[PDB]
Amino acid sequence: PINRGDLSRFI
Amino acid sequence: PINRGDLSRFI
Amino acid sequence: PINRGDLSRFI
Amino acid sequence: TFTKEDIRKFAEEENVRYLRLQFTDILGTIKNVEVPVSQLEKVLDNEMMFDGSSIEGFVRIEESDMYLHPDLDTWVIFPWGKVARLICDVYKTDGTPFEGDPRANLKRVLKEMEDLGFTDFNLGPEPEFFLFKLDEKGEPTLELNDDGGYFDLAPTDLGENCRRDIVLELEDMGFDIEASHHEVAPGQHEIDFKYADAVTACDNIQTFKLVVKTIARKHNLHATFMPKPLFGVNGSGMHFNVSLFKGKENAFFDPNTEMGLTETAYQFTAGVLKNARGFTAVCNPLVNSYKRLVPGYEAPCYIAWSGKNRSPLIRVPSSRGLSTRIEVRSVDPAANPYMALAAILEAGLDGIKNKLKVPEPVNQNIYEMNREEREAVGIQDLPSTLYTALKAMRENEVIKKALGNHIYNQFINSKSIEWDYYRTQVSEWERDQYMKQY
Amino acid sequence: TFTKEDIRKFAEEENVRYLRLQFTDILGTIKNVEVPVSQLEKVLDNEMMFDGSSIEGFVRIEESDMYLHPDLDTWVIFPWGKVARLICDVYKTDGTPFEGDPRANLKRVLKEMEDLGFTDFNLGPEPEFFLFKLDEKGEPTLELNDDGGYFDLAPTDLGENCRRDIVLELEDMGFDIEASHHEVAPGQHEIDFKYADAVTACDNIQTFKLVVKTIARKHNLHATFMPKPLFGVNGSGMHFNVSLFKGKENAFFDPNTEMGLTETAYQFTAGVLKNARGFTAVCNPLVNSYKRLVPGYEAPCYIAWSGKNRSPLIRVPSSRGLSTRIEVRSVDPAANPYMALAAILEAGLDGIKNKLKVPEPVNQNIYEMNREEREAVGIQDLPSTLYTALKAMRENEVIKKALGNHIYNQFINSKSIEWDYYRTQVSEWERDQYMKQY
Ligand SMILES: NC(=O)CC[C@H](N)C(=O)O
Ligand SMILES: NC(=O)CC[C@H](N)C(=O)O
Ligand SMILES: [Mg+2]
Ligand SMILES: [Mg+2]
Ligand SMILES: [Mg+2]
Ligand SMILES: [Mg+2]
Numbered sequence: 001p002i003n004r005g006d007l008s009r010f011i
Numbered sequence: 001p002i003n004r005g006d007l008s009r010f011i
Numbered sequence: 001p002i003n004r005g006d007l008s009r010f011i
Numbered sequence: 005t006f007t008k009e010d011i012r013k014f015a016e017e018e019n020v021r022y023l024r025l026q027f028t029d030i031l032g033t034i035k036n037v038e039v040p041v042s043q044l045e046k047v048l049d050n051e052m053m054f055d056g057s058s059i060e061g062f063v064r065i066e067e068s069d070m071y072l073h074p075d076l077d078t079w080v081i082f083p084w089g090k091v092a093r094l095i096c097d098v099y100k101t102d103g104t105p106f107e108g109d110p111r112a113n114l115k116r117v118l119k120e121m122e123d124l125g126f127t128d129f130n131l132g133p134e135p136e137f138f139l140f141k142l143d144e145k146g147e148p149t150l151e152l153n154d155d156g157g158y159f160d161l162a163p164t165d166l167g168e169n170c171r172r173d174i175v176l177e178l179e180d181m182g183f184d185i186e187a188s189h190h191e192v193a194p195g196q197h198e199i200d201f202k203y204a205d206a207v208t209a210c211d212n213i214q215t216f217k218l219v220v221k222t223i224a225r226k227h228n229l230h231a232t233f234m235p236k237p238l239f240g241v242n243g244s245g246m247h248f249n250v251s252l253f254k255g256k257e258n259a260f261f262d263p264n265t266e267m268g269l270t271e272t273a274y275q276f277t278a279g280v281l282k283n284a285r286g287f288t289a290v291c292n293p294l295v296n297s298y299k300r301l302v303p304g305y306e307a308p309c310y311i312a313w314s315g316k317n318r319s320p321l322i323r324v325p326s327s328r329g330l331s332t333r334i335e336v337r338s339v340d341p342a343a344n345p346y347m348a349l350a351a352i353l354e355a356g357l358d359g360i361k362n363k364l365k366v367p368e369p370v371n372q373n374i375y376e377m378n379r380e381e382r383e384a385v386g387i388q389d390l391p392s393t394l395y396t397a398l399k400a401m402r403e404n405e406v407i408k409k410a411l412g413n414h415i416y417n418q419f420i421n422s423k424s425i426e427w428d429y430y431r432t433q434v435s436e437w438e439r440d441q442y443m444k445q446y
Numbered sequence: 005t006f007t008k009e010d011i012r013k014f015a016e017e018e019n020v021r022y023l024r025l026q027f028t029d030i031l032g033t034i035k036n037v038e039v040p041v042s043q044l045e046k047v048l049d050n051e052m053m054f055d056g057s058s059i060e061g062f063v064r065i066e067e068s069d070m071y072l073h074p075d076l077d078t079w080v081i082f083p084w089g090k091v092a093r094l095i096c097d098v099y100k101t102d103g104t105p106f107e108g109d110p111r112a113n114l115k116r117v118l119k120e121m122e123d124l125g126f127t128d129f130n131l132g133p134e135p136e137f138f139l140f141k142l143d144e145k146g147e148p149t150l151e152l153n154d155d156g157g158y159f160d161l162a163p164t165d166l167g168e169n170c171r172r173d174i175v176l177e178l179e180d181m182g183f184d185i186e187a188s189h190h191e192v193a194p195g196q197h198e199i200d201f202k203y204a205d206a207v208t209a210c211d212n213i214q215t216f217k218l219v220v221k222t223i224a225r226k227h228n229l230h231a232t233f234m235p236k237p238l239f240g241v242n243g244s245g246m247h248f249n250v251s252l253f254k255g256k257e258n259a260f261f262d263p264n265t266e267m268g269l270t271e272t273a274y275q276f277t278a279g280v281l282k283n284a285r286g287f288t289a290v291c292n293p294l295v296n297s298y299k300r301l302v303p304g305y306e307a308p309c310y311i312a313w314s315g316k317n318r319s320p321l322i323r324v325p326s327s328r329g330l331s332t333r334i335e336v337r338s339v340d341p342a343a344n345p346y347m348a349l350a351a352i353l354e355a356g357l358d359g360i361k362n363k364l365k366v367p368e369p370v371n372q373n374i375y376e377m378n379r380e381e382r383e384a385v386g387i388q389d390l391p392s393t394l395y396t397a398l399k400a401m402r403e404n405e406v407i408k409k410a411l412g413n414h415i416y417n418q419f420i421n422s423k424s425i426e427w428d429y430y431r432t433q434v435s436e437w438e439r440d441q442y443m444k445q446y
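Chains as they are written, first to last, in the entry's author numbering: chain U, 1 to 11; chain V, 1 to 11; chain W, 1 to 11; chain H, 5 to 84, 89 to 446; chain A, 5 to 84, 89 to 446.
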């Protein structure tokens, strides 16, 4: 995903 | 039971 | 190394 | 009401040294920008700049630049120098309000409601929360703070009484508390507010959540508004008692009919019932929310209204006069107050301007009814999962009109991503049921 | 501004009993010489002697003798008798400033800039840091102080709230704080300063690092400016908003053009883009720094500029007037502020006096592009390792001119030694991937 940093909660 | 939430002390 | 004392962080 | 001079005087006399410019995102999270009091003037000139993309939540891509315009009527000083807060609206660089801000969206919905002749939309929430014990490391455990029941006097007087301290601190802050009581589940509590206008009510809900979470931490506890933290016990709801007013007068009150309900109230509840599946995702935005929507714990599971029922979607309290109201019980404390209130108001107005006919109220002989007979009668079921709730939301136009295109699309994308991440997990229930039987 | 009499009066009234003569080395470490207040006169006579070779860091060989010349305008008293500090320049025994001192190098670069007609170079930094919990033995762990997100109100007013205490203590010391907020990663925080002149800005950065590290230790926490302490979450950056001024007037502001940028600003950003590979090693001096320069965490990975993009190397904020500036986003908080600022200023001036043409800004349709297509368009990539960054730095003349021969050679030697020590280690990733598959 392009916004990997904003999706860190799910990963 | 219909009032399952009110009988939580027994289950 | 000549400066062994100053490179103690790496060793 | 407050002006700039009042704010300066309050800062000077109370020795305010810290300012919190408070706002919210589409997920209901309380966001804020911290500022030293020396920046107060720049705060009052609507010149504070911030990212603005944080409103998008976890689906933000590019950093923007947006301005914060404080609302001086929301000024309040925390009792913990001192710290003060101001609730701010988000404006774009062109001087117009950002279309992705839930507060501005609710204000726009209220403004468009005012063209129908109604002047005020009053809301009284019933937020319920759970208090859990903290361990040595400071993490929340699964043990409750007490073991009380419905309306019990469990945390009696001596040692924590977290609910009493929360109520007293809210009263000191200038809030209007009606009553508080212990909830059905152990460690569950409810605090009720007096009715207020829509924007003020949602701001009070946000401030109440913040204050509860602070005070619970003060008492070595953890406060959660999760809809269903524990299996097998009651969940937490945020029932919304709403009332319409067109000029010093309740529009839902009929002083002649012995029922005391105006045809406007019937149209409003018909509209709310019609679009209930549409706004279920907004009012129940979490995956866990639909674990509360299960039978037996008073949470509504199908679309119906009644004056006396165990779990109706809409309840009409016996109060009349200026206090007659309609209670929507599907809302949970995890929902964004602005978006949920806007959706409910839009559904009610859609019912009002279409002159919809409210279906027959349900009574005791619905408890012995399967889903087939319930649907044959005409009672639809609420969506059972967030996936199906999003599916239903994508088919409703009223929710899109209520939210605006930007908020609608961002919410759908965020919830789709959340469900996609949730669905790939292998649960402990699956490992318990299978891996030995298969 | 302060004089000797002001310093003596401050020492007498405030009962200062300890003096810290503070300076920095080529690695950005805050070094100091401690002195009793009875030596104050000897401090003011520029007669304090010290090794001076400590400026070289860990590549020092022979002990020298060098003098400390305090800058009286940097006088400040810590809020913790009392302790005061003075930032001192390093002078050789022949009365001339030491060529290995980063502060003197930045002053020389600014003085040579002043011959081009410009008078001021203002910097506003955006340093981000992480707060970790300490264990019983007092060592830092990998657990964060909170669990908040972007612009969250995560640390409540009751409890530690290290960020608020840091902001208030900096305000008491005489700093100019613009705003503070929670960062994207849990336990990550950012405090923003108002713009100041170059030397003052770098001194403020050093003092801010010292104050943050002290106050975090007060709250039983550990503050780190490591560029990438944790894998899979956002790193910490130190974005530099820079602006040029030639006399009570921003040289970047064009009051007639709709975009509002002068040709000088375009030349400056073209020069920064041209030499971005040259100064990457100085702006990202650690091995860990290049673990932040990976896609998906808003850190820049290729050489481009934009007004609205997820991770551009150069961003132009929407502010105009006297506040128009250019934001270089590749700098991390581990870099030496003086050296990084000197390199950026030298690159900008090289672009200015060569009348370079800025390339086209990048927009949303660059997210779908491989490295081959990006290079075909003309977008170069930043070095991915410290080894390749040093290789690129050895081929750039602008960075050598900015740093001076002594600082350039010492930095290259230090970083080569550091990389040589790093490259021979066997990581746990190798032992997990291999040792069973091979
Ligand atoms: N009876 C009550 O007020 C509790 C309501 C229940 N907690 C719900 O989720 O709706
Ligand atoms: N969005 C932000 O301000 C965070 C930037 C990010 N921490 C970086 O390393 O650049
Ligand atoms: Mg209740
Ligand atoms: Mg109720
Ligand atoms: Mg940042
Ligand atoms: Mg930035």
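All residues carry an ideal CB built from backbone N, CA and C; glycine is no exception.
Within the segment 294–312 of chain H, the residues whose Cβ lies closer than 8 Å to some Cβ of chain V are 303, 304, 305 and 306, listed in chain order. Look at the beta carbons and you see the segment 17–27 of chain H not touching the segment 328–345 of chain H: under three pairs across the two are nearer than 8 Å.
For residue 127 (chain H), the closest of H:166, H:255, H:66 and H:237 by C-alpha to C-alpha distance is H:255. Between residue 301 (chain A) and residue 308 (chain A), the CB-CB gap stays under 9 Å.
Check the Cα spacing between residue 394 (chain H) and each of H:159, H:356, H:411 and H:419: the tightest is with H:419.
When C-beta distances to chain A are compared with 8 Å, the residues of the segment 49–63 of chain H below that value are 52, 53, 54, 55, 58 and 62, in chain order. Beta-carbon to beta-carbon, residue 276 (chain H) and residue 356 (chain H) are separated by about 4 Å, close enough to satisfy the 8 Å threshold. Judged by beta-carbon spacing, residue 295 (chain A) lies beyond the 9 Å limit of residue 401 (chain A), meaning their Cβ atoms are not closer than that value. Exclusion of the five residues before and after residue 415 (chain A) leaves 30, 107, 108, 110, 113 and 347 as the residues of its chain whose Cβ lies within less than 8 Å of its Cβ. One finds 2, 3 and 6 in chain U with Cβ atoms closer than 9 Å to the Cβ of residue 65 (chain H), taken in chain order. Per DSSP, the continuous alpha helix (DSSP H) segment holding residue 414 (chain H) begins and ends at 413–431. In the three-state reduction of the DSSP assignment, residue 40 (chain A) falls in the strand class, which pools E and B. At least one heavy atom of ligand 6 is found less than 8 Å from the C-beta of residue 335 (chain A). Residue-level contact check: residue 429 (chain A) touches chain W, since one or more beta carbons of chain W fall below 9 Å from its beta carbon. The beta carbons of residue 38 (chain H) and residue 350 (chain A) sit about 32 Å from each other, so the pair does not count as a contact at 8 Å.
Annotation for residue 259 (chain A): 126, 252, 253, 270 and 272 place their beta carbon closer than 7 Å to its own, counting only its chain and skipping 5 residues before and after.
Taking 9 Å as the cut-off, the Cβ atoms of residue 354 (chain H) and residue 409 (chain H) count as close. Within 10 angstroms of the beta-carbon of residue 384 (chain A) lie fewer than 16 other beta-carbons, which makes it exposed. What you get when you keep residues with a C-beta closer than 5 Å to any heavy atom of ligand 2 is A:242, A:243, A:245, A:306 and A:307. In terms of beta-carbon proximity, residue 175 (chain H) stays away from the interface with chain A, with every pair separated by 9 Å or more. Between the alpha carbons of residue 430 (chain H) and residue 437 (chain H) lies a distance of about 14 Å. Assignment of alpha helix (DSSP H) within the segment 151–186 of chain A, counting only whole runs of 4 or more residues, yields 170–181 in chain order. Between residue 36 (chain H) and residue 116 (chain H), the CB-CB gap reaches or exceeds 9 Å. Ligand 6 has a heavy atom closer than 8 Å to the beta-carbon of residue 134 (chain A).
Nearest to residue 161 (chain A) by alpha-carbon distance, out of H:443, H:58 and H:399, is H:58.
Between the alpha carbons of residue 10 (chain V) and residue 195 (chain H) lies a distance of about 17 Å.
Judged by DSSP secondary structure, residue 50 (chain H) falls outside any beta strand (DSSP E); it is assigned neither H nor E. With a threshold of 16 other beta carbon atoms within 10 Å, residue 138 (chain H) meets it and is buried. Ranked by Cα distance from residue 6 (chain U), the first of H:63, H:325, H:406 and H:25 is H:63.
When rounded, the separation of the alpha-carbon atoms in residue 361 (chain H) and residue 53 (chain H) is 41 Å.
For the segment 159–171 of chain A, the residues whose beta carbon sits under 8 Å from a beta carbon of chain H are, in order, 159, 160, 161, 164, 165, 166, 167 and 171. Taken in chain order, the members of the segment 360–390 of chain A whose beta-carbon sits within less than 7 Å of a beta-carbon on chain U are 375.
Residues of the segment 307–341 of chain A whose Cβ lies closer than 8 Å to any Cβ of chain H, in chain order: 316, 317, 318, 323, 325, 326 and 327. In the three-state reduction of the DSSP assignment, residue 139 (chain A) falls in the strand class.
Nearest in C-alpha terms to residue 377 (chain H), of all of H:368, H:387 and H:369, is H:387.
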